[PDB]
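Visitor: The following file, data-v2.txt, comprises compact mmCIF, C-alpha atoms and all ligand atoms:
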```txt
# COMPACT_ATOMS: atom_id res chain seq x y z
CA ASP X 8 7.50 -11.24 26.07
CA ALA X 9 6.91 -14.77 24.75
CA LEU X 10 5.50 -13.94 21.23
CA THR X 11 8.16 -11.28 20.66
CA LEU X 12 10.79 -13.90 21.61
CA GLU X 13 9.21 -16.51 19.27
CA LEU X 14 9.21 -14.00 16.39
CA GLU X 15 12.65 -12.57 16.72
CA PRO X 16 14.44 -15.26 14.72
CA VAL X 17 11.76 -14.86 11.99
CA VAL X 18 12.06 -11.03 11.97
CA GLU X 19 15.81 -11.42 11.69
CA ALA X 20 15.69 -13.89 8.81
CA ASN X 21 13.22 -11.70 6.93
CA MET X 22 15.18 -8.45 7.59
CA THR X 23 18.21 -10.24 6.35
CA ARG X 24 16.39 -11.39 3.25
CA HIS X 25 14.82 -7.94 2.65
CA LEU X 26 18.22 -6.16 2.87
CA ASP X 27 20.16 -8.70 0.74
CA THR X 28 17.57 -8.53 -2.06
CA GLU X 29 16.95 -4.75 -1.82
CA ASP X 30 17.02 -2.72 -5.07
CA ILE X 31 16.78 0.87 -3.81
CA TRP X 32 14.97 3.60 -5.71
CA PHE X 33 14.48 7.35 -5.01
CA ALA X 34 11.21 9.21 -5.33
CA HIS X 35 13.00 12.15 -7.05
CA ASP X 36 14.06 9.88 -9.90
CA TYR X 37 10.40 9.34 -10.89
CA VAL X 38 9.45 13.02 -10.98
CA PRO X 39 9.74 14.98 -14.27
CA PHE X 40 10.79 18.20 -12.67
CA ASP X 41 11.49 19.75 -16.14
CA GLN X 42 7.68 20.02 -16.62
CA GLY X 43 7.15 21.82 -13.32
CA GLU X 44 5.94 25.36 -13.19
CA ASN X 45 5.47 28.13 -10.69
CA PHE X 46 2.03 28.67 -9.25
CA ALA X 47 0.53 32.20 -9.35
CA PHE X 48 1.96 33.25 -5.98
CA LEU X 49 5.47 32.97 -7.49
CA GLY X 50 4.51 34.62 -10.76
CA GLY X 51 3.35 31.58 -12.80
CA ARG X 52 -0.19 30.16 -13.04
CA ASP X 53 -2.55 28.32 -10.78
CA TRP X 54 -3.97 24.97 -11.56
CA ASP X 55 -6.85 24.45 -13.94
CA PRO X 56 -8.50 21.27 -15.49
CA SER X 57 -6.72 21.87 -18.88
CA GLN X 58 -3.37 21.02 -17.28
CA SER X 59 -4.46 17.39 -16.45
CA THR X 60 -4.17 14.85 -19.24
CA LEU X 61 -4.28 11.48 -17.41
CA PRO X 62 -7.54 9.52 -17.26
CA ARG X 63 -9.58 10.35 -14.12
CA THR X 64 -9.51 6.67 -13.08
CA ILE X 65 -5.74 6.80 -12.86
CA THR X 66 -5.61 10.07 -10.85
CA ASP X 67 -8.41 8.99 -8.51
CA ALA X 68 -6.44 5.77 -7.79
CA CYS X 69 -3.30 7.83 -7.13
CA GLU X 70 -5.11 10.23 -4.73
CA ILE X 71 -6.46 7.30 -2.75
CA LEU X 72 -2.92 5.86 -2.47
CA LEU X 73 -1.47 9.14 -1.43
CA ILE X 74 -4.06 9.69 1.30
CA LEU X 75 -3.48 6.18 2.68
CA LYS X 76 0.31 6.43 2.48
CA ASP X 77 0.36 9.84 4.27
CA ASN X 78 -1.65 8.23 7.20
CA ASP X 94 15.47 -5.01 18.29
CA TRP X 95 15.34 -6.66 14.82
CA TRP X 96 11.64 -5.69 14.89
CA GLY X 97 12.47 -2.05 15.45
CA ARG X 98 14.88 -2.29 12.59
CA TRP X 99 11.97 -3.62 10.44
CA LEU X 100 9.35 -1.06 11.55
CA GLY X 101 11.82 1.74 10.80
CA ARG X 102 12.64 0.30 7.37
CA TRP X 103 8.97 -0.39 6.51
CA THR X 104 8.02 3.13 7.64
CA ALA X 105 10.68 4.75 5.46
CA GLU X 106 9.48 2.74 2.41
CA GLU X 107 5.89 3.79 2.95
CA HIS X 108 7.01 7.39 3.33
CA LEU X 109 9.05 7.16 0.13
CA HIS X 110 5.92 6.10 -1.76
CA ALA X 111 3.98 9.12 -0.42
CA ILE X 112 6.79 11.53 -1.47
CA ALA X 113 7.07 10.07 -4.98
CA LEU X 114 3.28 10.25 -5.53
CA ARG X 115 2.88 13.77 -4.17
CA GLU X 116 5.86 15.16 -6.09
CA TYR X 117 4.81 13.54 -9.34
CA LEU X 118 1.30 14.91 -8.95
CA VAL X 119 2.18 18.50 -8.07
CA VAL X 120 4.94 18.81 -10.71
CA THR X 121 2.76 17.43 -13.48
CA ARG X 122 -0.42 19.27 -12.36
CA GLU X 123 -2.45 16.13 -12.91
CA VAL X 124 -4.70 16.94 -9.97
CA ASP X 125 -5.74 20.14 -8.20
CA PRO X 126 -2.99 20.46 -5.57
CA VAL X 127 -5.15 22.71 -3.35
CA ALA X 128 -7.49 19.81 -2.47
CA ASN X 129 -4.60 17.56 -1.19
CA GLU X 130 -2.74 20.40 0.63
CA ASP X 131 -5.65 22.21 2.37
CA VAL X 132 -5.27 21.98 6.14
CA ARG X 133 -8.87 23.06 6.63
CA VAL X 134 -10.22 19.72 5.35
CA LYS X 145 -7.38 -2.21 20.39
CA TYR X 146 -5.58 -4.99 18.40
CA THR X 147 -3.57 -7.83 19.88
CA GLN X 148 -0.11 -8.39 18.46
CA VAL X 149 -1.43 -11.29 16.31
CA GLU X 150 -4.46 -9.37 15.18
CA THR X 151 -2.09 -6.59 14.11
CA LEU X 152 0.23 -8.87 12.09
CA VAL X 153 -2.75 -10.51 10.40
CA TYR X 154 -4.28 -7.09 9.56
CA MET X 155 -1.00 -5.87 8.07
CA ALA X 156 -0.61 -8.99 5.92
CA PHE X 157 -3.99 -8.53 4.34
CA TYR X 158 -3.64 -4.76 4.06
CA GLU X 159 -0.27 -5.05 2.30
CA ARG X 160 -1.74 -7.64 -0.03
CA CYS X 161 -4.54 -5.15 -0.85
CA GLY X 162 -1.76 -2.59 -1.55
CA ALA X 163 0.05 -5.04 -3.80
CA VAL X 164 -3.08 -5.96 -5.86
CA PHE X 165 -4.19 -2.29 -6.11
CA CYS X 166 -0.81 -1.06 -7.31
CA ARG X 167 -0.22 -4.00 -9.65
CA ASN X 168 -3.64 -3.48 -11.27
CA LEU X 169 -3.07 0.25 -11.47
CA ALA X 170 0.43 0.08 -12.96
CA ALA X 171 -0.94 -2.32 -15.65
CA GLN X 172 -3.53 0.34 -16.76
CA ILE X 173 -1.14 3.35 -16.89
CA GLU X 174 0.27 4.28 -20.29
CA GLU X 175 2.26 7.29 -19.19
CA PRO X 176 5.67 5.62 -18.72
CA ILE X 177 7.15 7.76 -15.84
CA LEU X 178 4.06 7.12 -13.70
CA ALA X 179 3.86 3.52 -14.78
CA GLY X 180 7.46 3.12 -13.56
CA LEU X 181 6.68 4.79 -10.25
CA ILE X 182 3.61 2.71 -9.51
CA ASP X 183 5.42 -0.48 -10.54
CA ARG X 184 8.24 0.35 -8.00
CA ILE X 185 5.59 0.84 -5.30
CA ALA X 186 3.83 -2.42 -6.26
CA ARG X 187 7.13 -4.34 -5.91
CA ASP X 188 7.67 -2.86 -2.44
CA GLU X 189 4.15 -3.83 -1.47
CA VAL X 190 4.83 -7.48 -2.50
CA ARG X 191 7.85 -7.38 -0.23
CA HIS X 192 5.85 -5.83 2.60
CA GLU X 193 3.19 -8.46 2.35
CA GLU X 194 5.81 -11.30 2.23
CA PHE X 195 7.41 -9.99 5.45
CA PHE X 196 4.19 -9.63 7.44
CA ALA X 197 2.76 -12.81 6.03
CA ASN X 198 5.87 -14.79 7.04
CA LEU X 199 5.41 -13.49 10.66
CA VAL X 200 1.84 -14.65 10.51
CA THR X 201 2.98 -18.11 9.38
CA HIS X 202 5.17 -18.32 12.55
CA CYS X 203 2.11 -17.20 14.59
CA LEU X 204 0.06 -19.98 13.03
CA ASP X 205 2.82 -22.41 14.19
CA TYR X 206 3.26 -20.99 17.76
CA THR X 207 -0.28 -19.94 18.63
CA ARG X 208 -2.66 -21.50 16.14
CA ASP X 209 -6.24 -20.95 17.19
CA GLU X 210 -5.55 -17.32 18.09
CA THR X 211 -4.10 -16.71 14.60
CA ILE X 212 -6.97 -18.50 12.88
CA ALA X 213 -9.52 -16.46 14.84
CA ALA X 214 -7.70 -13.28 13.91
CA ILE X 215 -7.74 -14.30 10.22
CA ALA X 216 -11.45 -15.09 10.40
CA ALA X 217 -12.31 -11.74 11.97
CA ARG X 218 -10.24 -9.68 9.45
CA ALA X 219 -11.59 -11.70 6.51
CA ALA X 220 -15.13 -10.76 7.59
CA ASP X 221 -14.42 -7.09 8.33
CA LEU X 222 -11.85 -5.95 5.69
CA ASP X 223 -13.08 -3.16 3.40
CA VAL X 224 -11.73 -1.79 0.10
CA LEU X 225 -8.78 0.56 0.25
CA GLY X 226 -9.94 4.10 1.01
CA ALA X 227 -13.39 3.11 2.40
CA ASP X 228 -12.61 5.35 5.45
CA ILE X 229 -11.90 8.45 3.30
CA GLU X 230 -14.48 11.23 3.73
CA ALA X 231 -16.06 12.19 0.41
CA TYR X 232 -14.15 9.72 -1.81
CA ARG X 233 -17.23 7.62 -2.67
CA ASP X 234 -17.06 8.73 -6.32
CA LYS X 235 -13.31 8.00 -6.65
CA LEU X 236 -13.70 4.54 -5.05
CA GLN X 237 -16.54 3.71 -7.48
CA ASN X 238 -14.48 4.91 -10.42
CA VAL X 239 -11.43 2.73 -9.47
CA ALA X 240 -13.82 -0.20 -8.88
CA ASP X 241 -15.40 0.28 -12.38
CA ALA X 242 -11.95 0.21 -13.97
CA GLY X 243 -11.18 -3.10 -12.25
CA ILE X 244 -8.22 -1.61 -10.29
CA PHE X 245 -9.69 -2.35 -6.89
CA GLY X 246 -13.09 -3.13 -5.50
CA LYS X 247 -15.23 -5.66 -3.64
CA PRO X 248 -14.54 -8.46 -6.17
CA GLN X 249 -10.76 -7.94 -6.11
CA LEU X 250 -10.95 -7.81 -2.29
CA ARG X 251 -12.97 -11.00 -2.05
CA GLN X 252 -10.58 -12.87 -4.35
CA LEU X 253 -7.33 -11.66 -2.59
CA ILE X 254 -8.78 -12.61 0.80
CA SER X 255 -9.41 -16.17 -0.52
CA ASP X 256 -5.91 -16.29 -2.03
CA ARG X 257 -4.23 -15.11 1.18
CA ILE X 258 -6.05 -17.74 3.30
CA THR X 259 -5.13 -20.35 0.71
CA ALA X 260 -1.48 -19.27 0.63
CA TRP X 261 -1.34 -19.89 4.46
CA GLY X 262 -2.51 -23.45 3.79
CA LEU X 263 -5.83 -22.71 5.45
CA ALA X 264 -8.23 -23.12 2.50
CA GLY X 265 -10.09 -26.06 4.09
CA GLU X 266 -9.97 -24.76 7.64
CA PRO X 267 -13.63 -25.04 8.78
CA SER X 268 -14.14 -21.45 10.12
CA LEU X 269 -12.58 -19.87 6.97
CA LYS X 270 -13.99 -21.98 4.08
CA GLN X 271 -16.78 -19.38 3.79
CA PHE X 272 -14.17 -16.79 2.65
CA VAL X 273 -12.62 -19.11 0.07
CA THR X 274 -13.76 -19.16 -3.52
MN MN X 301 3.27 -1.26 1.99
```
In structure tokens, how does this file's structure come out?

Guide:
Amino acid sequence: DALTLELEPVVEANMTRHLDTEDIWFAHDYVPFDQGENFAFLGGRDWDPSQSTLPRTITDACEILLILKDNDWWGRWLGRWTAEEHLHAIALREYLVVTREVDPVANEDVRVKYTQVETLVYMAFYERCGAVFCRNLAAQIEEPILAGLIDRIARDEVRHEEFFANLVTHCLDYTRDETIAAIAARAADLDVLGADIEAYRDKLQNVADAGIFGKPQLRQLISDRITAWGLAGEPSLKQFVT
């Protein structure tokens, strides 16, 4: 269709950029397997609170990320983007279970319509949320392995945002008032990361209190993203700009 055909040269240029500037990392390289130990089923010991040494703010933030991450040139991009997201989820899970920093039972227990433009706009904001969250988190982590891991993730999220946001720029050029309306509607309705997670109210409040991510960070990044599209004085969006 017509939008897909408009976007293909932009998808190509961005895929080309993303590949030529790639600096590939592996989840397994950020996991201190030497510290791992058998659980009680295999003759070791089960988890208990004494095994966790990281601040609860840091582990709450990581559990939120993990939950979110677990859930044609364009096809080439979606496949690449998907694999990067997946990579993040593996690294986080493996770090967490090897180090025993959280109760692994909790996170392993099986018992517990958008237009195309609307979708690209949503993803640009959502990746920017990811990038701010992981940047702020990495900056508060003193444990160097984990700090390294989260910093890798943050750098990928910057790249994700750049890619989606560039597609949105081409949408603003091809089909302006549609794109603006989509930005207005997302700006009004976006919530903090993990707002949809059942029973995470306490964890969200804790990561907000630490300044990693909350309503103030969300409000500012929304203003910055609108501004970065050159839309800061656009009449229907000035109410989301600080
Ligand atoms: Mn991402």

Visitor: Let me have all residues with an atom within 10 Å of ligand MN 301 (chain X), counting only C-alpha atoms and all ligand atoms, laid out as a list in words.

Guide: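 If we count only C-alpha atoms and all ligand atoms, the neighbours of ligand MN 301 (chain X) turn out to be residues 76, 103, 104, 106, 107, 108, 110, 155, 156, 158, 159, 160, 161, 162, 163, 185, 186, 187, 188, 189, 190, 191, 192 and 193 of chain X.
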
Visitor: Please provide the set of residues having any atom within 8 Å of residue 247 (chain X), restricted to only C-alpha atoms, with same-chain residues fewer than 5 positions apart removed, written as a ChimeraX atom specification.

Guide: /X:223-224,240

Visitor: Which one of X:149, X:172, X:22, X:121 sits closest to residue 208 (chain X) if you count only C-alpha atoms?

Guide: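 Closest to residue 208 (chain X) of all the choices is X:149.
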
Visitor: Might you pull out every residue within 10 Å of residue 176 (chain X), with all atoms listed in the file counted and same-chain residues fewer than 6 positions away left off, and present them as number ranges by chain?

Guide: X: 37, 170, 182

Visitor: Identify which of the residues X:222, X:18, X:34, X:216 lies closest to residue 264 (chain X), counting all atoms listed in the file when measuring atom-to-atom distances.

Guide: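 When distances to residue 264 (chain X) are compared using all atoms listed in the file, the smallest one comes from X:216.
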
Visitor: Give me the residues within 9 Å of residue 14 (chain X) as a list in words, counting all atoms listed in the file and dropping any in the same chain fewer than 3 places off.

Guide: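 These residues fall inside the cut-off: residues 9, 10, 11, 17, 18, 19, 96, 199, 202 and 203 of chain X.
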
Visitor: Point out the residue among X:173, X:231, X:273, X:217 with the least atom-to-atom distance to residue 61 (chain X), counting all atoms listed in the file.

Guide: X:173
